[PDB]
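Working notes, structure below.
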Amino acid sequence: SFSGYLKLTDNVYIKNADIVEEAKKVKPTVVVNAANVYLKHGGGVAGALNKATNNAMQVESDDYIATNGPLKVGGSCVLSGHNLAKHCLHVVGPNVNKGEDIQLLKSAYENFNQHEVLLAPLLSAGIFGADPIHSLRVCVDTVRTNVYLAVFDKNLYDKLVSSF
Ligand SMILES: O=C(O)[C@H]1C[C@@H](O)CN1c1ncnc2[nH]ccc12
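Mapped onto the entry's author numbering, the consecutive letters of the sequence shown carry residue numbers 5 to 168.
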């Protein structure tokens, strides 16, 4: 039920929207979380998605880490989407503020190819410190499945479209 998106390529679409509000409206099969390896959902997209689940995402995530240990940077796991989606794909992009290899951003986006359609944010952008223009380029050159990107910041959305 996606509406109001701008088409960038055959399979990539973009909209100026809060991914939480978009998930509540659409209830997609998969919402992507901008996760860290510990699944500690404190701020940014992860903090906002978790708060919309009334902390149920963090309780589920703590049980997953207690059983499996941390994810790899560039890796992912599929957990419940709670009241927002059928599933949440938690994907770890590199955090440039922590010195992580930006080359891992392509490996992070490759996780999206296991799902036919996804609602997602730009990986490694925002508080993860990478250039969002670079993140959008890696997304369109890596993802082959249908990805609906939600960009919260209006000024960033306008810059991403104008420079595409
Ligand atoms: O604007 C953006 O593209 C990124 C980076 C930063 O502005 C935060 N953010 C988000 N993008 C989409 N839905 C969001 N919900 C909560 C945060 C958030």
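Just so you know, even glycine gets a beta-carbon here, dropped at the ideal spot from N, CA and C.
Per DSSP, reduced to three states, the secondary structure at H91 is strand. Residue range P136 to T146 is occupied by the alpha helix (DSSP H) that includes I137. Separation of the CB atoms of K19 and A154 is rounded to 6 Å, and the pair is thereby assigned contact status at 8 Å. Boundaries of the beta strand (DSSP E) around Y17: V16 to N20. Rounded to the nearest whole angstrom, the CA to CA distance from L108 to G130 is 17 Å.
Between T146 and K90 a beta carbon distance of about 23 Å is seen, past the 8 Å cut, so the two are scored as non-contacting. Taking 8 Å as the upper bound for CB-CB distance, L88 and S65 are not in contact here, some 14 Å apart. As DSSP reads the structure, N150 sits in a beta bridge with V121. The straight-line gap separating the alpha-carbon atoms of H94 and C143 is approximately 16 Å.
Excluding the 5 residues flanking it on each side, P136 has same chain C-beta neighbours closer than 7 Å at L126, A129, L160 and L164, in chain order.
According to the DSSP secondary-structure assignment, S128 is paired through a beta bridge with no residue.
For the 8 Å CB-CB criterion, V96 and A134 do not form a contact. Pairing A70 with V24 gives a Cβ-Cβ distance that is not under 8 Å. When DSSP states are grouped into helix, strand and coil, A39 belongs to the coil group.
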